[PDB]
Amino acid sequence: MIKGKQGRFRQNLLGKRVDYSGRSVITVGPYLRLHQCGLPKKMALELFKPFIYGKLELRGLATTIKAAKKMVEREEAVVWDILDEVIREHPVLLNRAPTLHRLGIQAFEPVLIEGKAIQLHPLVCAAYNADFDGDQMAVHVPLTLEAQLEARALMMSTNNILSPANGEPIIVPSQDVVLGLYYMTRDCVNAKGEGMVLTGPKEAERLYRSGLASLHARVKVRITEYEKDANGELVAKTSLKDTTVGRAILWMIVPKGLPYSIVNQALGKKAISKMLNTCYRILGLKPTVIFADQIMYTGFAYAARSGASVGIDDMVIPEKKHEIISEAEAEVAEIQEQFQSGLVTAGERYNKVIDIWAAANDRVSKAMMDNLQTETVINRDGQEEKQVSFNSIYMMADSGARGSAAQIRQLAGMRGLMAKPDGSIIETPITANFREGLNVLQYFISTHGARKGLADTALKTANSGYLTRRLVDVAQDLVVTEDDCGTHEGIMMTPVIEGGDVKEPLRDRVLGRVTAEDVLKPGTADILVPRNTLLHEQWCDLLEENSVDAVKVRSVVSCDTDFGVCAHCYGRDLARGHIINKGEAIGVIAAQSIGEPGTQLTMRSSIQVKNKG
Amino acid sequence: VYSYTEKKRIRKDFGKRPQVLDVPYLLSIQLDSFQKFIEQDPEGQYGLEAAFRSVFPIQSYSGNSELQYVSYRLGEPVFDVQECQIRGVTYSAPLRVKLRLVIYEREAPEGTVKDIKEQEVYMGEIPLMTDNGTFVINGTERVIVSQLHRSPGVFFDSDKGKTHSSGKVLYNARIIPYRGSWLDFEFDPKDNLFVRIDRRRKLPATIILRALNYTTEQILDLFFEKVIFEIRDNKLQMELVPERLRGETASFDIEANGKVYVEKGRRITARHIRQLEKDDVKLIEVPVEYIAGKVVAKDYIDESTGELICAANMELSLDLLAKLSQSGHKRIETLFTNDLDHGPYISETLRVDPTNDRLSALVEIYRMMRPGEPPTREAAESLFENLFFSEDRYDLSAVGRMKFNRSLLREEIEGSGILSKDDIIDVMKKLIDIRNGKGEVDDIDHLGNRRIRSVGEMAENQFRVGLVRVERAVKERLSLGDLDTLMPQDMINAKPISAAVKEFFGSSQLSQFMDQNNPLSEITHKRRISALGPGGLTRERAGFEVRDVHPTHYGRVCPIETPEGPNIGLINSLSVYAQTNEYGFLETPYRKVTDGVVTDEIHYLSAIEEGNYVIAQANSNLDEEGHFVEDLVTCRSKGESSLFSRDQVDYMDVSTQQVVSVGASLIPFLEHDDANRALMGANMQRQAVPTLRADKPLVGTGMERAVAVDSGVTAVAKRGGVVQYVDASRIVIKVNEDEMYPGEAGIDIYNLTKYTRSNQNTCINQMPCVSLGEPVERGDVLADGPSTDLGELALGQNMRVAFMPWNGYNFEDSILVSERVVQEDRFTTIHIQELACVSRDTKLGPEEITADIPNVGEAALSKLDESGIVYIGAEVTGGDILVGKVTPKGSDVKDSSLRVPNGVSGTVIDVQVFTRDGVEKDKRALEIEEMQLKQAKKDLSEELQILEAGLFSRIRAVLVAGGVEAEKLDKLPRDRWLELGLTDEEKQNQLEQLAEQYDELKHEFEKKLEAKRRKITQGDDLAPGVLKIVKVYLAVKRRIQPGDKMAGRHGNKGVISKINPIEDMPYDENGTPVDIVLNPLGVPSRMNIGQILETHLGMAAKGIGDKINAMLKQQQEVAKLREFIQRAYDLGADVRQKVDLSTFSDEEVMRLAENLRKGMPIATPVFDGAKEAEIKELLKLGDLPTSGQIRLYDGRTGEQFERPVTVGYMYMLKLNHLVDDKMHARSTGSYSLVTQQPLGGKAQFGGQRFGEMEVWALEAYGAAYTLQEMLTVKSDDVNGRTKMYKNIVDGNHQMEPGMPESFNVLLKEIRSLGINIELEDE
RNA sequence: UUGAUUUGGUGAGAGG
DNA sequence: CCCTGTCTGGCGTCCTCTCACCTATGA
DNA sequence: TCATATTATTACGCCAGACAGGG
Ligand SMILES: [Mg+2]
Ligand SMILES: [Zn+2]
């Protein structure tokens, strides 16, 4: 009754079953602002029975408690106004069932739903690892007043816009919205309204809506970008940018301080992520929340206007694919004719066959990748001119919405050399993609390769979860409990180099960590930075300009604090811009941030210089 | 030619390869196994006769009486299957066994017995199988799932790397019997051979040789060859066959015949062996340093002194040679211990052995097996002679002896079930050979090494357990038997056999509850091959390789239909064409290929036969003769897919469906999907609910017909003919004369099972699909079951789907649905709930069934009778009352009255009551008694009259050869008819013959109706104990709503997000809205591109349907329709279908075109499907654009979507994960007993488990107060939660926390040890 | 003072 | 007496939903 | 009904931790 997974510790004292809680299937609802979620009326009237009882007893409609329970058992016409007056400013904790890190419990404000499904704002889904293929989430109600304030001030969904494992934003726009942006801010060499001049972004959207120009048609506009070059003062500079119609329409949504060159490019997924990141580093939190919502709304709207389907003709077969396969078949014929006459060894034969099928696979991938990335060739006022294609699967790949090089490779080019479960590769590849039909043997080899992957994930998840458990129980105690340990020791952060090109730069390792002694400028004996400064982005840029060798920085393992970690030897807060506060549990967020990517990890001569120096 | 429901709607069948072997009956594993179990099969194998011929005749220990066997039988079941499911009894049969007791006198092995007695005794009841492969165990309908276990017979396993931490391989060898003790041999890293029995302690293995009465010299004769040292002129020369020097270093001077052959230093090559064989070199003189390391073979004794020189297996030194040379033993036999090949493993094991003779070997084996209790001669000898060598407790079966002789390369395959000396010695020899290098190991995933148990084998093993318990009981009663005052039921007892066989059929890991929501799901739960179960591996332990697909699965096990999660690849599903071998292995069909011409004869192979041959591929182009049109063809030799010549192959695959199963060969365009999404597609396709209106997949594979027939959910006609079609109650089929028996005039009356409960609360319902007066053939379907449409298989429905992002409402995998889907009720499924109410006599008198419900006012007496129990059918919801069932003394009276659960609605469709003999309220119980009483007689006479009408006419019909006088035959009406004498003329006995029929009809009807009333007149039929037994069947009708789950056949899951109006849908320029919008972004990542080809080909199918709907609505004479139908059925490449359409009588064209105006159904088979050019060509026959993509406008803005989008028809299914079975919320209610925390679940009104990682997530924030109320006030602390509820309803959000109760439970459980845990200072 | 039993435990299957 | 096979214990993912089944004996 | 009290299967995979054996 004590030990085990089902004893008292792990089953009734660390985890408890909980009143004022609910559970249902999630769905999208994209009209939401990212601090609010949809919550059904039936669940809302069940979770908030005591607040409704208290409200009903305050008005004077009833007398005893029984009367109120009969009123909400009957659900009369007056308790729905009571319910909209108990919801209004009262957050709830939404929770997806495998919570791995702290962004899997977030607090929203309810918006009542005719329905029986929790409507969950889409950007927030990338935090929960929540798709909508049958998922379920639990709602919990903060009862007391300190818990409502903790849900609004610590656990609100507007407050979690950076992942605590690093500095990367976690409210990155996921899949439909990056397709809507990548189709919006792009260009083509001729459209309606090529090379006309526009007096502002407002009439750019007016020309798109009336039907006189196209969403991607290159155009000189006059935009007014606000650069804040003074000390907190926004200076207007207006100019004519040679841009498109879609870039001006998306400029109507960008806040004041960002420059126009954040939208002047094509805006895949990495570019929109660094757009939101530069907005958070410059303009702070509130413009970044409202701008994340306006990004999501305009992405959904112009992805709807795009009509970006997928067809059977979109997967363009290379015309050179069959001759490449016949040249590889002639090469394996030459190698086996040498094998009949015994000139070569068996291992060298197997190595030569795997090498020519790897080379033919790379050539087929380059043939289809040229045939997709520049297939469109349209003329403008004369001879032809080429451009990047508006093929649907190519925009779904190039935008980074869903797809890569490998998946679009397997839908058009040959799908490689699949490997048998012995671990060694199979010498006869799967020369047929998915647009052509796989025959029987090729699909069976494919099933070898995919059954191994499903078995690996379904057995990998146990070790990933047990690793997170061991990590949060070794951490478990360590709380930021001082402000300075008063030391001069700390580890020597250098960039890491394995022997190829320099892998992880110093700005990734010494971003937001407080230096141990003052870094000498690389010239001679200068106090470039002082000895207890947090290295945020401005300091790291003045480190990259001076090409600083390596920084002696303060590390947690050198902290002199008895029973805890001081506030300087930890570093930056990582989801807050400042230093770690006195109190915030860093052992648990660290253990979750190491063990949470446990699913994505796998389970089962001489020196040649490259550069010149 | 076609049958008559085949000419209704003949599906356009793509497919180029002519099929040679039609699909076998898909439930043949279950049916053939259980038909093997119960069948009167003389020669004894296999069945119940094997059990009775093993256990009988029982003779006691010289008790001079020997009960023997004659014959067995199974009587009728007392309950047919329907009333058996209704009542709750097992569907069983009584097992009537004839037993013949003969009793001897003194001294009669040969003497005649003094007395006999014989009777048809009754032992157990065995559960029979329903005709569809199911059991009915206790009211519920269960399925035994066929196991996949290791075969009996020897296995040579390696375990090459992990032990010893030194890279040294071991080699063990397991002799797995079908029944009995396990014997394993195994090396250890000191290169010594060890035996262990039943995974016990480790004995050095040659002791088992010393247990088989082998001396040391005989063992060394077996496992070693002799090298002969002859004492000669000098230095004791050597016989040397040159094979023994292979690969070793020449230590000495190799010379003979006055010639130096090989000098010292160089290794001996095979050319030197050829020199020694050409030069005929045997005898060479050795140095004394050569014999100074070798080991003697046999014993030698000094002759004159009379003592021992050396024991066998002793290494030799020079002074030992001085001992044995001077005595007079001229021959010296040494053991050739080659370090390369012939290792000295047995000899070093003999050096490890602490034993010397046979008796100490048996004493050491007995001290291993049974410790503590002493080892005496009789006890140890009986132990070891009944370990392996008696027919009782050790039995390799026929499978085991076949594998045992096959793995040892024996010639024969049939032998005795026990082992012998030579078998154990051969296993040790093959293990030593594998260590030496020759021969190799076996793998365990190889399906030639992996047998299937099925229903008959498992029930036979449990029945044999019951029979050995009843023979120990018969041996008990007989030695205490007094004669002649007992007859054979004081000896025998029906209890242990029935107990064991109901233990297996009720509570086993394989007799499990049938997934019954779908015809597919029934027919693919019956074809399931589980690795789990008794004697097999477990879910949470193993492994990686047994979860993985091995190259012997090609055509035996489906590669892609295995459930994802904790058991992947343990719950494999059987392929389409794969039968089961005689021994239980998996044999699959192949086409025998003698020479260039591929012959149409089939021939079945298993994996231990598939390796030797060379087997072709299913789709390799052969034209008009069977000759492979290429000179090279892809085949597979020994699990290796490789390219071979035109004329080397011996077999070809039969058909191209044969790799996959019946779940994942219903997916069209399987070959274009990814493997992962085909797995998710098949596993979700098992989960579909039956819709209210079944709708014919436009893009099918043609295997829908075989699944919908072979799963017994449709009423397939037994005998062909016409129809009478009363049908409100039953289809009545008049039988054509050729299929009709001479006696038993006979017309077939099919029972339609109307609205009733499935095992997954779905609705199984049959509807007649034939009209009145319409010809049907044998094997044709008559009534469409759940999820069937004219004999095809209609799980979901086909809807117009656009691929586009639509305003974010289909973001990750969500699905946006029009209102035209929910207005038409085209997913509005029907669920049925059984609810029981009993009024058991717990304590303080019995409970009561009265409407006079207390405290509660005229809100109890409402949906009931004037004085008790829900009336019949209204629209009951949640909080209603169905069965008033409350006691007095339980003011102090209470409300246990079974009500309707919270959140559900419905209509009471049926009320069953076999209650405590007394339920009658006023006088209803006997009121209905008279109703049924008069009902029976009516139909009884009616049926007789029905036949009488047919017979009367038949009398006159035959009245021609013996009185055709039409005006002299219409005498008496209901009195007599025939008043003449035919006598002979040309034999019309026929009048007299029919006279007996009517005479017997009335005579039997009376008796038939006599028992009817007898059966009618009764309290009711059920078991005892339970008193008030009221079951009420609600039927909720759930429509579709934001939150349900839909999915196609390709793995495209979706939670339907927004239920749009019709106006806001994307309409094309023709005006029709699209029904369902999916999302294109799923398609490049999830590489299931087959849903797009299904979309385009379904678009083309409905294009033909719209074209026929125009040609038939704007009505044309049938020449233009038959021309367009002929063009639609020719269409393209060389196919199998074409049609013979000009023989459809100018009406069967029109009925076909009436059944095609919703869309022309297209069969795209599994791997030989429709190519893309045929999709484009079919889209050109309909007037649709060739790209598959139409420009679509927006319903909101009226303006065109740029870049035209894909619209087509995908067959989308509604899975039974409905959102108002998942929605749940809890504020406050009941909790558990032991702990003070809330209960768990939905059926218990309970709250969410705020688990461990959520606590770590709140610790990760600064949520200290949220966590404090999350584990103290909201959950556990009783004073805290009552103060909090009062604080909330006063308007004061403040918690008074206290200490959790489960921590004080922890303190008392820790303190209830010898542990003093406390709580210190303030 | 105005009412009541699953959690307990096993086995099997399913979802994310 | 310091290496050493060998044996014994102790881990092995969270959340949820549906169903059935529960000691023998006995004057 | 009211006290009487425990036997004829094996088929995980590391990975520490303690123990008798022997150069
Ligand atoms: Mg999912
Ligand atoms: Zn410190």
# chains A, B, ... in the order shown; residues from 1 in each chain; ligands from 1

call {"tool": "residues_near_ligand", "arguments": {"ligand": "ligand 1", "cutoff": "8 Å", "atoms": "only C-alpha atoms (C1' of nucleotides) and all ligand atoms", "output": "ChimeraX atom specification"}}
result
/A:130-135 /C:16

call {"tool": "residues_around", "arguments": {"residues": "residue 11 of chain D", "least_positions_apart": "6", "cutoff": "12 Å", "atoms": "only C-alpha atoms (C1' of nucleotides)", "output": "PyMOL selection string"}}
result
(chain A and resi 4-5+463+466-467+470) or (chain E and resi 13-16)

call {"tool": "write_last_selection", "arguments": {"atoms": "N, CA, C and O atoms (P, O5', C5', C4', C3', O3' and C1' of nucleotides)", "output": "mmCIF file, in the first residue's frame"}}
result
data_model
loop_
_atom_site.group_PDB
_atom_site.id
_atom_site.type_symbol
_atom_site.label_atom_id
_atom_site.label_comp_id
_atom_site.auth_asym_id
_atom_site.auth_seq_id
_atom_site.Cartn_x
_atom_site.Cartn_y
_atom_site.Cartn_z
ATOM 1 N N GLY A 4 5.580 1.497 -4.856
ATOM 2 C CA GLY A 4 5.108 1.262 -6.203
ATOM 3 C C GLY A 4 4.497 2.471 -6.867
ATOM 4 O O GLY A 4 4.382 3.560 -6.300
ATOM 5 N N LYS A 5 4.083 2.252 -8.115
ATOM 6 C CA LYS A 5 3.418 3.295 -8.887
ATOM 7 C C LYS A 5 2.035 3.593 -8.329
ATOM 8 O O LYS A 5 1.524 4.708 -8.468
ATOM 9 N N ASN A 463 10.632 5.580 -21.720
ATOM 10 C CA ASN A 463 11.933 6.049 -21.255
ATOM 11 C C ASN A 463 11.997 7.559 -21.200
ATOM 12 O O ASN A 463 12.646 8.112 -20.309
ATOM 13 N N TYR A 466 10.076 8.454 -17.938
ATOM 14 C CA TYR A 466 10.840 8.081 -16.757
ATOM 15 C C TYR A 466 12.089 8.937 -16.599
ATOM 16 O O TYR A 466 12.531 9.184 -15.469
ATOM 17 N N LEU A 467 12.632 9.442 -17.704
ATOM 18 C CA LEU A 467 13.735 10.385 -17.607
ATOM 19 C C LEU A 467 13.277 11.712 -17.023
ATOM 20 O O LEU A 467 13.978 12.289 -16.180
ATOM 21 N N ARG A 470 12.885 11.105 -13.141
ATOM 22 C CA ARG A 470 14.164 11.128 -12.428
ATOM 23 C C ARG A 470 14.771 12.521 -12.383
ATOM 24 O O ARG A 470 15.368 12.898 -11.367
ATOM 25 P P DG E 13 15.012 -9.750 -24.073
ATOM 26 O "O5'" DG E 13 15.585 -8.261 -23.972
ATOM 27 C "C5'" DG E 13 15.103 -7.389 -22.958
ATOM 28 C "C4'" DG E 13 16.180 -6.415 -22.525
ATOM 29 C "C3'" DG E 13 17.577 -7.010 -22.445
ATOM 30 O "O3'" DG E 13 18.538 -5.984 -22.634
ATOM 31 C "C1'" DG E 13 16.934 -6.365 -20.314
ATOM 32 P P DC E 14 20.109 -6.298 -22.536
ATOM 33 O "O5'" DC E 14 20.469 -6.002 -21.018
ATOM 34 C "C5'" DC E 14 21.462 -5.065 -20.714
ATOM 35 C "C4'" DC E 14 20.850 -3.764 -20.250
ATOM 36 C "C3'" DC E 14 21.745 -2.966 -19.330
ATOM 37 O "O3'" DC E 14 21.405 -1.609 -19.372
ATOM 38 C "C1'" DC E 14 19.906 -3.769 -18.106
ATOM 39 P P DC E 15 22.537 -0.523 -19.052
ATOM 40 O "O5'" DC E 15 22.670 -0.564 -17.461
ATOM 41 C "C5'" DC E 15 21.567 -0.214 -16.643
ATOM 42 C "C4'" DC E 15 21.873 -0.487 -15.186
ATOM 43 C "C3'" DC E 15 23.358 -0.632 -14.856
ATOM 44 O "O3'" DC E 15 23.628 0.029 -13.654
ATOM 45 C "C1'" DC E 15 22.192 -2.439 -14.010
ATOM 46 P P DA E 16 24.383 1.441 -13.660
ATOM 47 O "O5'" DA E 16 24.714 1.684 -12.124
ATOM 48 C "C5'" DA E 16 25.324 0.654 -11.382
ATOM 49 C "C4'" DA E 16 24.401 0.148 -10.296
ATOM 50 C "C3'" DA E 16 25.102 -0.153 -8.974
ATOM 51 O "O3'" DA E 16 24.356 0.350 -7.892
ATOM 52 C "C1'" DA E 16 23.890 -2.036 -9.676
#

call {"tool": "interface_residues", "arguments": {"of": "chain B", "to": "chain C", "cutoff": "7 Å", "atoms": "only C-alpha atoms (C1' of nucleotides)", "output": "ChimeraX atom specification"}}
result
/B:509,512,894,1232,1239,1244

call {"tool": "closest_atom_pairs", "arguments": {"of": "chain D", "to": "chain A", "cutoff": "6 Å", "atoms": "only C-alpha atoms (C1' of nucleotides)", "output": "Markdown table"}}
result
| residue | atom | partner | partner_atom | distance |
| --- | --- | --- | --- | --- |
| D:13 | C1' | A:462 | CA | 4.2 |
| D:14 | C1' | A:98 | CA | 5.5 |
| D:15 | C1' | A:97 | CA | 4.4 |

call {"tool": "write_last_selection", "arguments": {"atoms": "N, CA, C and O atoms (P, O5', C5', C4', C3', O3' and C1' of nucleotides)", "output": "CSV table (one decimal), in the first residue's frame"}}
result
chain,number,residue,atom,x,y,z
D,13,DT,P,6.9,2.9,-17.7
D,13,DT,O5',6.8,4.3,-18.3
D,13,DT,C5',7.4,5.5,-17.7
D,13,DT,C4',6.6,6.7,-18.0
D,13,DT,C3',5.3,6.7,-17.2
D,13,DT,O3',4.9,8.0,-16.8
D,13,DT,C1',4.9,6.9,-19.5
D,14,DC,P,4.8,8.3,-15.2
D,14,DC,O5',3.3,7.9,-14.8
D,14,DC,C5',2.2,7.8,-15.7
D,14,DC,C4',1.9,9.2,-16.3
D,14,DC,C3',0.4,9.5,-16.4
D,14,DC,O3',-0.1,10.0,-15.2
D,14,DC,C1',1.4,9.9,-18.5
D,15,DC,P,-1.5,9.5,-14.6
D,15,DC,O5',-2.6,10.0,-15.6
D,15,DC,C5',-3.3,11.2,-15.3
D,15,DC,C4',-4.1,11.6,-16.5
D,15,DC,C3',-5.3,10.8,-16.8
D,15,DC,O3',-6.4,11.1,-15.9
D,15,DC,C1',-4.2,11.2,-18.8

call {"tool": "interface_residues", "arguments": {"of": "chain B", "to": "chain A", "cutoff": "6 Å", "atoms": "only C-alpha atoms", "output": "PyMOL selection string"}}
result
chain B and resi 549+565+671-672+675+803-808+812-814+1043+1053-1055+1057+1080-1081+1084-1085+1201-1203+1205-1206+1222-1227+1237-1238+1247-1252+1257+1260+1265-1266+1274-1275+1289-1290+1293-1294
